[PDB]
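A.B. asks: Chains from the complex, first installment, not repositioned:
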Amino acid sequence: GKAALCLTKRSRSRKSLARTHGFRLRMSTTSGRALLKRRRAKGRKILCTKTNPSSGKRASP
Amino acid sequence: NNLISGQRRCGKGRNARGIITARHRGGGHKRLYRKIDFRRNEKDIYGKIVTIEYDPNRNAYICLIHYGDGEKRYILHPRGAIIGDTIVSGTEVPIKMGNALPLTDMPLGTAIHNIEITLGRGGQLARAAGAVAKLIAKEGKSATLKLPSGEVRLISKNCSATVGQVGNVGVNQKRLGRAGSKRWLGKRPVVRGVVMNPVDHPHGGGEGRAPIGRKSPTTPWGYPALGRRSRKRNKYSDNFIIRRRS
Amino acid sequence: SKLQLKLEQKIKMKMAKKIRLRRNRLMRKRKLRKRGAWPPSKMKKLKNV
């Protein structure tokens, strides 16, 4: 009854991940504001992979 | 009952940064905070004792007080107290246990506790179980007395204090039978530095049970651990000291 | 004179007794609903399992 060593992604809720890697979290600090500057010049489509809305089909509750 | 609340500083040992400053704090059973009155304001009113409750946040018991105006307070538990005893805070109060008054109106050689160093802050000294401070003498502006540590400090005369010795003197007599009783209080296991590695403590390395291997025992932060007096030289309270403890 | 007090006292207790049991009944519904086992239509199907 022990998980293997490689299970680093235990299917955590998207609510907590947005509070740790979301759009609002990046725009708070100066580094995150520069982080998006790098990804826009890079031309990435999805700027923040770990983000979800507060409602809709994506809502964790 | 209303004096009890659950608003306490959770996260013991951790500072605002969240790093461990006071080590070996954690776990332990939950405990609510009691509001004890150390200033002993609301003078010239009688109040009787009804309960002798358990205070997890200290070594001594407490006592519930009921005044004629309906107010309710907590105080420490003196030694020979019994339910029904009265207590008063004032100036011309008779000198018996449980009462509070300044040091000017006290005679010499009194058993005193719950002493305050400054007016308004409330009592700070002699709070623990079985604590007592003996008043030696007084001279003009201030008054000297003895503390439980054996030191003779010079306290101002207008400071308030309570008469008697603190309750439950027999608390050292019981020995904690096992380690689980220690963790219930919130004290984690203490590791010896001589077992660690050199990067963690100056005593670390060496095969087998290594000796100190150093000119003196040292703290985890390099300074010695024995003999070096830590009192700040030229402190503001340096003139109020008559002698050193022993 | 005293019958007024005794008569009104029982009615005062009956209303509180009436609301008090209704209070304990709904909290029992909210309790097992959080557990996920309240609806008897779902329980009778899982009586022998």
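C.D. replies: Nice, I can see it. Numbering: from 1, shown residues only, chains lettered A, B, ... in the order given.
A.B. asks: tell me which residues of the host helix or strand of residue C:34 are tucked away?
C.D. replies: Element membership for residue C:34 (DSSP states H and E) is helix C:2-35. With burial defined by 16 or more other C-beta atoms under 10 Å in any protein chain shown, not one residue of helix C:2-35 is counted as buried. Using the backbone N, CA and C atoms, a C-beta is placed for each residue, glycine as well.
A.B. asks: mind listing the helices for chain B?
C.D. replies: Taking DSSP state H as the test, the helices found in chain B are B:180-185.
A.B. asks: same question but for chain A, I mixed them up
C.D. replies: Secondary structure of chain A (DSSP H): helices at A:14-21, A:23-26, A:30-42.
A.B. asks: So for residue B:44, which of those sits nearest?
C.D. replies: helix A:14-21 (56.6 Å; C-beta to C-beta).
A.B. asks: The closest one vs helix A:30-42, what angle?
C.D. replies: 100 degrees (axes from the mean of the first three to the mean of the last three C-alpha atoms, to 10 degrees).
A.B. asks: quick revisit: packing partners of the helix holding residue C:34?
C.D. replies: For helix C:2-35, there is no helix or strand it packs on, judged by 3 or more C-beta pairs under 8 Å, 6 or more residues apart in numbering or on different chains; DSSP states H and E.
A.B. asks: if I pick the residue sitting nearest the centre point of chain A, what's in contact with it?
C.D. replies: A centroid search over chain A (C-alpha atoms, centre = their mean) returns residue A:50, at 2.1 Å, as the residue closest to the centre. When contacts are counted by C-beta atoms under 8 Å, 6 or more residues apart in numbering or on different chains, residue A:50 touches A:14, A:17-18, A:20-22.
A.B. asks: ok so, going back, could the helices of chain A be laid out in TSV, adding mean neighbour count and distance to residue B:75?
C.D. replies: As requested, the helices of chain A are exported to TSV (neighbours: other C-beta atoms under 10 Å in any protein chain shown; distance: least, C-beta to C-beta, whole Å):
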stretch	mean neighbour count	distance to residue B:75
helix A:14-21	14	46
helix A:23-26	15	50
helix A:30-42	11	53
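A.B. asks: As chain D, please add this:
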Amino acid sequence: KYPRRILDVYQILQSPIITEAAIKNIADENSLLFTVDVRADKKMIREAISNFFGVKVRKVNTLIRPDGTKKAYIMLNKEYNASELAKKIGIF
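C.D. replies: Chain D goes in next, on the same frame as the chains above:
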């Protein structure tokens, strides 16, 4: 006095639905199917049908599809008849 949101009231109803199940629902429940805006509500839709066709709405139920398109079940009062209103539009 304020609505919840502000937008074109005449956009609340894009078009009805034409399916064998929807037509089957008209005769059994006296209901009607309508695709609605995502920003719509049961109040605006209730007020809407009351003004277009001049009929009473017993109840409104809605849902959002996976494609981000909202659907609206509209049950009329038994006094009126959804089948009669259906023929007025053209669909059966």
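A.B. asks: quick one on the thing from earlier: would you check how far apart the residue nearest to the centre of chain A and residue A:43 are?
C.D. replies: Residue A:50 sits at a distance of 20 Å from residue A:43 (criterion: C-beta to C-beta, to the nearest Å).
A.B. asks: can you check residue B:198 too?
C.D. replies: The gap separating residue B:198 from residue A:43 is 51 Å, by C-beta to C-beta.
A.B. asks: quick one, which of the two is more surrounded?
C.D. replies: Neighbour count, other C-beta atoms under 10 Å in any protein chain shown: between residue B:198 and residue A:43, residue B:198 has more, with 10 against 6.
A.B. asks: quick one: that one and residue B:204 touch, right?
C.D. replies: Yes. When contacts are counted by C-beta atoms under 8 Å, residue B:198 is listed as touching residue B:204 (4.2 Å).
A.B. asks: So which bits of stretch B:166-184 are buried?
C.D. replies: B:166-167.
A.B. asks: Just the C-alphas of that stretch, formatted as CSV.
C.D. replies: The C-alpha atoms that make up stretch B:166-184 are tabulated as CSV, following Å, rounded to 0.1, in the frame of the first residue of the first chain:
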residue,chain,number,x,y,z
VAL,B,166,1.8,30.6,44.5
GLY,B,167,-0.2,27.4,44.7
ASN,B,168,0.6,23.8,43.7
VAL,B,169,4.1,23.8,45.2
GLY,B,170,4.2,20.0,44.8
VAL,B,171,4.5,19.8,41.0
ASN,B,172,8.2,18.9,40.6
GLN,B,173,7.6,15.7,42.7
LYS,B,174,5.9,13.9,39.9
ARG,B,175,8.3,12.6,37.2
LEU,B,176,7.1,12.3,33.6
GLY,B,177,6.9,8.5,33.3
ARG,B,178,7.5,8.4,29.6
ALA,B,179,8.2,10.3,26.4
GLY,B,180,4.6,10.6,25.3
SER,B,181,3.8,12.8,28.2
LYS,B,182,6.5,15.2,27.0
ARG,B,183,5.1,15.4,23.4
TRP,B,184,1.6,16.1,24.9
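A.B. asks: tack on RNA strand E:
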RNA sequence: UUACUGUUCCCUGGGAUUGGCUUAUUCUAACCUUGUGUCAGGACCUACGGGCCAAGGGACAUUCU
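C.D. replies: Below is RNA strand E, added to the chains above:
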């Protein structure tokens, strides 16, 4: 680590912050500490804090060089 050269914590002196009367001790006015003392706006600050008035220290110490 009792290897070389250095940094930091800490101790000490000179100078600034810093003043008065006496023969180094005292004084209060800078400065330090405290108030569940008090006043304050539409309202609260017994929520830190601000103003005022007091209390304990006191030209020491803290701070800079």
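A.B. asks: just to revisit the earlier point, okay, the residue nearest to the centre of chain A and RNA strand E: tell me how far apart.
C.D. replies: Note on residue A:50: its distance to RNA strand E, by C-beta to the nearest atom of the strand, to the nearest Å, is 37 Å.
A.B. asks: How about residue D:70?
C.D. replies: Applying C-beta to the nearest atom of the strand, the value for residue D:70 to RNA strand E is 43 Å.
A.B. asks: what does residue C:31 give?
C.D. replies: When residue C:31 is compared with RNA strand E (using C-beta to the nearest atom of the strand), they lie 36 Å apart.
A.B. asks: partners of residue D:15 in the sheet?
C.D. replies: residue D:35 (DSSP bridges).
A.B. asks: hang on, isn't it packed against residue D:35?
C.D. replies: Yes. At 5.8 Å, residue D:15 and residue D:35 qualify as touching, with contact defined as C-beta under 8 Å.
A.B. asks: Just want to know which of these two has more residues nearby.
C.D. replies: Using other C-beta under 10 Å as the criterion, residue D:15 and residue D:35 rank with residue D:35 on top: 14 against 9.
A.B. asks: if I look at the more buried one, how far off is RNA strand E?
C.D. replies: 49 Å.
A.B. asks: got the contact list for that residue?
C.D. replies: D:13-17, D:69-72.
A.B. asks: what about residue B:161, how many neighbours?
C.D. replies: 23.
A.B. asks: Tell me which helix or strand the closest residue to RNA strand E within chain D sits in.
C.D. replies: The nearest approach of chain D to RNA strand E comes at residue D:2, 26.4 Å away (C-beta to the nearest atom of the strand). Under DSSP H and E, no helix or strand contains residue D:2.
A.B. asks: Dihedrals phi and psi, it?
C.D. replies: phi -70, psi 150 (degrees, to the nearest 10).
A.B. asks: ok now do it, which residues does it touch?
C.D. replies: Not one residue lies near residue D:2 by C-beta under 8 Å, 6+ apart.
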